[PDB]
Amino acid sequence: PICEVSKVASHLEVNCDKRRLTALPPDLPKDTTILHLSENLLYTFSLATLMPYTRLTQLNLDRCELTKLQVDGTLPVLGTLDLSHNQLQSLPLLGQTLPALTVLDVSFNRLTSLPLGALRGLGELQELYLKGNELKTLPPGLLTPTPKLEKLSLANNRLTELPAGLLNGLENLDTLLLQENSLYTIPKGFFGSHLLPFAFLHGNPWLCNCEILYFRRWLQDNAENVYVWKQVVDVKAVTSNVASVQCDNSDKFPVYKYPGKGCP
């Protein structure tokens, strides 16, 4: 009647985008694998209402002005959850509800802080997007229960400090978004001995003293892996530029070129 049901391949995909829905519509097919609920009027939402659909593996709740996501029940085969562009002031725990979650997108919300062990139970998680929030600090051992993580997005936040063991355990990490923050230094032994193909570290007021020596050492060896994220209109470009990582000391001087004067 209102929602569209299509049969592509074996799975079934339902599109209920932009229909002024205040809640989950009745008489929905239980053999649904993908559910689209983009851009609606969802004040609050519970995952327990999606339990009868045991075929669901992907969910989109983006731009629904969601204030509170109640995590009741369990979704054994859910792998993708999109909660971007909402009004979430706190990050709900998806560990004991979404065990097979591989992709999580909670970007452009209002996360002021993250609780201890907010990702405990997400062993199959590979990507985490927290871009466009208000994260100032990070809890110790945040990405510990997620060893298979590949992409981490902490861009456009208000981060001033970073945990030294944030990337610990990550052997599949290939993308690191840390631009547009308030970072001034990089912790000693932060990147380790792992090869990181992509690293966005520009737009940060890096304080170039004796503490930033390790950072320069990493930038000189991984200059080919430093990229820049610039967007005009809807066109998004990614270009390698190690000279983007500049010192806060206003000479617009690249960090990797800063001479260690007076530091042992």
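Position 1 is the first residue in the sequence shown; the rest follow in order.
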Mind pulling up the entry and telling me whether 80 to 88 or 182 to 190 has the higher mean Cα temperature factor?
182 to 190
Out of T67, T49, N204, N60, which one has a C-alpha B factor higher than all the others in the entry?
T49
Should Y43 be placed in the lowest, middle or highest third of its chain by the C-alpha B factor in the entry?
lowest
Which third of the chain does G95 land in by C-alpha B-factor: lowest, middle or highest?
middle
Ranking every modelled residue in this chain by its Cα temperature factor as given in the entry, which third contains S240?
lowest
When the deposited Cα B-factors of this chain's modelled residues are ordered and cut into thirds, is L111 in the lowest, the middle or the highest one?
highest
Entry-reported C-alpha B-factor of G117 relative to its chain, by third, is middle
